[PDB]
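*Asks:* I have a structure here, written as structure tokens, and I will follow up with some questions on it.
When we count neighbours, we look across all protein chains shown, and the Cβ atoms used for this are built from the backbone with ideal geometry, even at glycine. Values quoted throughout were computed directly from the atomic coordinates according to the rules given, and no laboratory measurement underlies them.
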Amino acid sequence: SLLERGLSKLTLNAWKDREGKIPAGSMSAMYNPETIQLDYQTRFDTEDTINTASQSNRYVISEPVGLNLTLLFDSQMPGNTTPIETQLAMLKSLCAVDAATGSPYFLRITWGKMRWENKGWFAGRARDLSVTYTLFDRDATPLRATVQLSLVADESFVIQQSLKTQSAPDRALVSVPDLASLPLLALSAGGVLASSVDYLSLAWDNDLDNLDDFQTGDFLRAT
Amino acid sequence: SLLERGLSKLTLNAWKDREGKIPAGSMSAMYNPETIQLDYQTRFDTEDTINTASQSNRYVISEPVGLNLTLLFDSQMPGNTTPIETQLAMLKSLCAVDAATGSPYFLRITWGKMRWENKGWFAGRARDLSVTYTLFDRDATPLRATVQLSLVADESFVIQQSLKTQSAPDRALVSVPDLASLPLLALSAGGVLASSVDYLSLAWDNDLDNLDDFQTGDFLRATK
Amino acid sequence: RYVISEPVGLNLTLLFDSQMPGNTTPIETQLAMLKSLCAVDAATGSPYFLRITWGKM
């Protein structure tokens with residue numbers, strides 16, 4: 001909408017390294033998948049104690065988000081001139097082991113206006129894959145594919161570095177509201193940093209005099 | 001198409017060694033499968049690092065490509081005159097342990113124009129086989145079969161080494177473009193080799209004079 | 001014997017839709033919060049300690 005009406009097919013872009021400096025090939029899928037699903041799974045385990053009766057559970061690991069999507073290829077209808085084996089030559093190639101490197105191709109899936117995991121793209125490597133050819137001709141050039149991709153998370157190590165810089169930075173720079181107080185100024189400054197800054201050490205950092213030297217509009221820093 | 005309209009059946013060739021030196025028997029099976037299926041799978045394990053800087057998962061092993069395929073035999077329709085036990089005396093033989101060596105037979109499935117995983121053939125050995133006879137005769141010659149094959153990938157070592165040298169054969173021979181520079185010429189040489197070719201070694205291996213010596217059309221050789 | 005009591009688990013299924021003409025907020029802005037709050041936070045490296053509530057339930 002808002003400009004024109006034309007289909008935006010999804011694109012499978014593959015690299016060789018994690019960061020994306022070395023590019024492999026790329027392919028755009030005909031016949032958009034009609035369903036995508038992203039499945040989360042966070043594993044817990046119930047902590048045990050013999051003293052108290054408080055009941056909590058322990059965060060163990062976070063199994064990465066998986067993307068399940070299915071594709072269909074056809075080379076029979078008279079708009080479809082290209083064979084489906086040159087199109088499946090790259091789904092089998094880009095979702096398997098690289099020839100020189102032992103690792104797979106890091107497979108960044110994208111769609112025109114769809115945010116995947118709060119980002120415009122979905123990195124990750126193909127966990128499994130299955131092509132099931134359901135229609136042939138006389139010498140059996142294949143004519144249907146029914147591909148069943150599935151991926152994992154595998155974001156780059158840099159992208160993951162900047163996302164924890166926008167959350168809990170090094171320095172806070174909290175403001176001073178009206179009728180303020182240092183037990184409440186150090187309580188909102190300890191929410192930016194998530195590190196529970198004390199009122200006394202917040203007072204020593206700014207070198208303020210009397211534990212009341214804020215004047216409703218000045219900025220005092222927490223570390 | 002493009003010449004004629006005769007069918008092309010699938011042929012199951014067998015060997016004894018990993019390579020093609022010692023041929024065993026070889027059958028072609030009538031009544032094509034209607035559907036093939038080859039499943040890929042790659043196993044990953046999540047890094048449970050204590051430092052909690054990053055979430056990632058390692059690559060462990062890639063499971064071999066497995067092919068599933070279902071056949072059917074029948075000899076009572078009056079075009080069908082060969083009894084199906086002579087055609088199943090080969091599938092039961094080639095998908096089992098050979099008497100000579102004590103191993104499977106290293107099968108190779110092929111179809112006329114179908115291109116398997118990236119090659120014109122599908123090598124590998126038989127994981128599974130199940131025949132289920134459904135019709136019989138008065139003396140019970142069977143004459144209906146319904147076979148359910150299942151194979152693995154297992155290619156030979158000469159073919160796998162040949163496909164490796166076709167990608168980064170430890171020389172690059174990188175052309176230079178107009179408005180080029182050695183940090184860019186090392187990124188374009190570090191993509192041919194996938195080895196981070198560290199630009200000071202490029203100017204030493206090619207006898208550059210002053211780190212800007214290439215002239216928009218000459219080649220630079222990059223090894224490792 | 002009594003060993004341990006497993007934690008109470010809650011199952012719950014939602015639906016979002018933005019093309020009916022009362023629905024104008026795109027559902028990615030509403031799913032940019034569920035995907036965020038039900039995942040590991042960037043600040044500490046842990047989940048977010050959610051709290052589900054209904055008017056009289």
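*Asks:* Run the reach check for A:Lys164 against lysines, Cα to Cα strictly under 22 Å, same-chain hits fewer than 8 apart removed. What comes back?
*Replies:* Leaving aside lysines fewer than 8 places away in the same chain, those within reach of A:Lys164 are A:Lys119, C:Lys35.
*Asks:* Quick check for me: using +1 on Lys/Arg Cβ and -1 on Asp/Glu Cβ, what's the dipole size of the protein assembly as shown about its Cα centre, in debye to the nearest 20?
*Replies:* Here the size comes out at about 2060 debye.
*Asks:* Tell me the mean residue ellipticity at 222 nm calculated for chain A from its helices only (DSSP H runs of n ≥ 4, each -39500 (n - 2.57), averaged over every residue, nearest 500).
*Replies:* -4000 deg cm²/dmol
*Asks:* Could you order the peptides C:34-47, A:80-93 from most to least packed, using the average number of other C-beta atoms within 10 Å per residue?
*Replies:* Order by mean packing, descending: A:80-93, C:34-47.
*Asks:* Turning to a different aspect of this structure: Short version: what are the Cα gyration tensor semi-axes of the stretch B:70-196, square root of 5 times each eigenvalue, largest first, in whole Å?
*Replies:* Working: eigenvalues 551, 54, 21 Å².
Equivalent ellipsoid of the stretch B:70-196: 52, 16, 10 Å, largest first.
*Asks:* At q = 0.12, 0.13 Å⁻¹, what base-10 log of I(q)/I(0) does the Debye formula yield for the protein assembly as shown when every alpha carbon is treated as an equal point scatterer in vacuo?
*Replies:* -1.27, -1.34
*Asks:* Considering chain A as a Gaussian network with a 10 Å cut-off on Cα pairs, which listed residue, A:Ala53, A:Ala100, A:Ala194, attains the greatest mean-square fluctuation?
*Replies:* In this elastic network of chain A, the residue with the biggest mean-square fluctuation among A:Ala53, A:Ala100, A:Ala194 is A:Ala53.
*Asks:* Normalised by the residues of chain B, what does the relative contact order come to in percent, with Cα pairs under 8 Å and at least six apart?
*Replies:* Reported relative contact order: 17 percent.
*Asks:* Roughly how crowded by other chains is peptide A:12-19, in terms of the mean Cβ count from those chains within 10 Å of each of its Cβ atoms?
*Replies:* Numbers: counts 0, 0, 0, 1, 2, 4, 1, 0.
Whole-number average of other-chain Cβ neighbours for A:12-19 is 1.
*Asks:* With unit charges on the beta carbons (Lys and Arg positive, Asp and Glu negative) and the dipole taken about the Cα centre of chain B, which residue among B:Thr46, B:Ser93, B:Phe157 sits farthest to the positive side?
*Replies:* B:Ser93
*Asks:* So, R0 is 60 Å and r is the distance between the beta-carbons of C:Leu15 and B:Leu208; what FRET efficiency does that work out to, to 0.05?
*Replies:* The formula returns an efficiency of 0.40 here.
*Asks:* Let me ask you something else. Got a sec to turn the phi values of the stretch B:9-17 into Karplus ³J(HN,Hα) couplings, 6.51 cos²θ - 1.76 cosθ + 1.60 with θ = phi - 60°, whole Hz, x for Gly and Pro?
*Replies:* After applying 6.51 cos²θ - 1.76 cosθ + 1.60, I find 6, 8, 10, 10, 8, 10, 10, 10, 7 Hz.
*Asks:* Using the C-alpha gyration tensor of the stretch A:161-223, what are the square roots of 5 times its eigenvalues, in whole angstrom, with the largest one first?
*Replies:* On the way: eigenvalues 94, 26, 19 Å².
After scaling each eigenvalue by five and taking roots: 22, 11, 10 Å.
*Asks:* Need one number: the % of Cα-Cα pairs in chain B sitting beyond the 25 Å mark.
*Replies:* Values: 15469 of 24976 pairs.
Percent of Cα pairs beyond 25 Å in chain B: 62.
*Asks:* Can you list the equivalent-ellipsoid semi-axes of the stretch A:4-63, largest first and in whole Å, using the square root of 5 times each Cα gyration tensor eigenvalue?
*Replies:* Numbers: eigenvalues 408, 72, 12 Å².
Equivalent-ellipsoid dimensions as semi-axes: 45, 19, 8 Å.
*Asks:* Taking only the alpha-carbon positions of the stretch B:12-134 and ignoring solvent, what does the Debye formula give for the base-10 log of I(q)/I(0) at q = 0.15 Å⁻¹?
*Replies:* -0.82
*Asks:* Over the stretch B:20-98, what is the relative contact order in whole percent, taking alpha-carbon pairs under 8 Å and six or more residues apart?
*Replies:* Values: 73 pairs, mean separation 26.3, N = 79.
With pairs under 8 Å counted, the relative contact order is 33 percent.
*Asks:* Calculate the FRET efficiency for A:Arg171 and A:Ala99 from the Cβ-Cβ distance with a Förster distance of 41 Å, rounded to the nearest 0.05.
*Replies:* Once the sixth-power term is evaluated, E becomes 0.30.
*Asks:* I need to check one value: relative contact order of chain C, counting alpha carbon pairs closer than 8 Å and at least 6 residues apart, in percent.
*Replies:* Normalised by residue count, the contact order of chain C is 15 percent.
*Asks:* Kirkwood hydrodynamic radius (Cα pairs, Å) of the stretch A:68-141? Can you show the working numbers first?
*Replies:* Working: mean 1/r = 0.0675 Å⁻¹.
Evaluated on the stretch A:68-141, it is 14.8 Å.
*Asks:* If each of B:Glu85 and B:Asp178 carries a label point 7 Å out from its Cα toward its Cβ, how far apart are those two points in nm?
*Replies:* 7.9 nm
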